[PDB]
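*Asks:* Handing you a structure now.
Note that we place each Cβ from the backbone using ideal geometry, even for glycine, and neighbour counts take in every protein chain shown. Nothing in this text is a laboratory measurement; each read-out follows from the coordinates by a stated rule.
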Amino acid sequence: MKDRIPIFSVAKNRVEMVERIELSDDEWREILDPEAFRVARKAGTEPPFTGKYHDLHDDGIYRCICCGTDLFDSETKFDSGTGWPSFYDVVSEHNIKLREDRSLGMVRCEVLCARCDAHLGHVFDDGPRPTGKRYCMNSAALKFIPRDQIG
Ligand SMILES: [Zn+2]
């Protein structure tokens, strides 16, 4: 749908609107990343793995390599302990979208990319109060970038 999407760099106190994903297949090899192009054929990885590490810190944000848009301010990530693609709050419903359900017996909302509803995952009420929701998302989308353009 020909909408445009806000991107609120909440933790950086910025707001930048960008268009929706409207390209042709030809764009997706010259305006994409030198990782998005390959990820575009392999849904992340041709081999089932390519290493075993996770050596990071709370800097950077997530950037959906599957449409080119950035989102989660990394306080809305984990890193230490397990760094999992699961979290307990969000940047905003700006480049991510939810629909509520009760699909565990409490609160199970879907979690999809509001510019590319490819897979991602869902959120489930499952953590300690107050931020006791538990988002988890599972796709190739999960590249990082520096927080915005500070690098
Ligand atoms: Zn996306």
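*Asks:* With the checklist (1) among the polar types (S, T, N, Q); (2) under 25 Å from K12 (Cα atoms); (3) in contact with a strand residue (DSSP E or B) (Cβ under 9 Å, 6 or more places away or on another chain) in hand, flag the one item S103 doesn't pass.
*Replies:* (2)
*Asks:* Next question. Quick check on my filter: what residues within region 20-42 are farther than 24 Å from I150 by Cβ and surrounded by fewer than 13 Cβ atoms within 10 Å (Cβ to Cβ)?
*Replies:* The answer is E22, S24, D25, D26, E27, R29, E30, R41, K42.
*Asks:* Another one. With the structure loaded, tell me whether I61 is within 16 Å of the ligand (Cβ to nearest atom), touching a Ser or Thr at 6+ places or on another chain (Cβ under 7 Å) and closer than 22 Å to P34 by Cβ or whether it fails that test.
*Replies:* yes
*Asks:* Under 8 Å between Cβ atoms, at least 6 apart or on separate chains: pull out the pairs that start in region 44-73 with a residue that is within 25 Å of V10 (Cα to Cα) and end on any residue that is assigned to a loop (DSSP other than H, G, I, E, B) and acidic (D, E).
*Replies:* Filtered contacts from region 44-73: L56/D79; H57/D79; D58/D79; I61/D148; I65/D33; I65/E35; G68/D33; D70/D148.
*Asks:* Of the residues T82, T69, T76, only one is hydroxyl-bearing (S, T, Y) and buried (at least 20 other Cβ atoms within 10 Å of the Cβ); which?
*Replies:* It is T69.
*Asks:* Which members of region 74-102 meet the condition of being without any contact (Cβ under 8 Å) to a residue 24 or more places away in the chain, assigned to a strand (DSSP E or B) and within 16 Å of the ligand (Cβ to nearest atom)?
*Replies:* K97
*Asks:* How about region 117-144: which of its residues are touching a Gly at 6+ places or on another chain (Cβ under 9 Å), within 13 Å of the ligand (Cβ to nearest atom) and not in a loop (DSSP other than H, G, I, E, B)?
*Replies:* Result: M137, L142.
*Asks:* Looking for something β-branched (V, I, T), assigned to a strand (DSSP E or B) and within 30 Å of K2 (Cα to Cα) - is there at least one such residue anywhere in region 107-116?
*Replies:* Yes, some residue in region 107-116 is β-branched (V, I, T), assigned to a strand (DSSP E or B) and within 30 Å of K2 (Cα to Cα).
*Asks:* Among the residues of region 29-43 satisfying the criterion of being within 16 Å of the ligand (Cβ to nearest atom) and in a loop (DSSP other than H, G, I, E, B), which is farthest from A11 (Cα to Cα)?
*Replies:* Looking at the filtered set, the residue picked out is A43.
*Asks:* Scan region 103-114 and tell me whether some residue there is among the small types (G, A, S) and within 16 Å of the ligand (Cβ to nearest atom).
*Replies:* Scanning region 103-114 turns up at least one residue that is among the small types (G, A, S) and within 16 Å of the ligand (Cβ to nearest atom).
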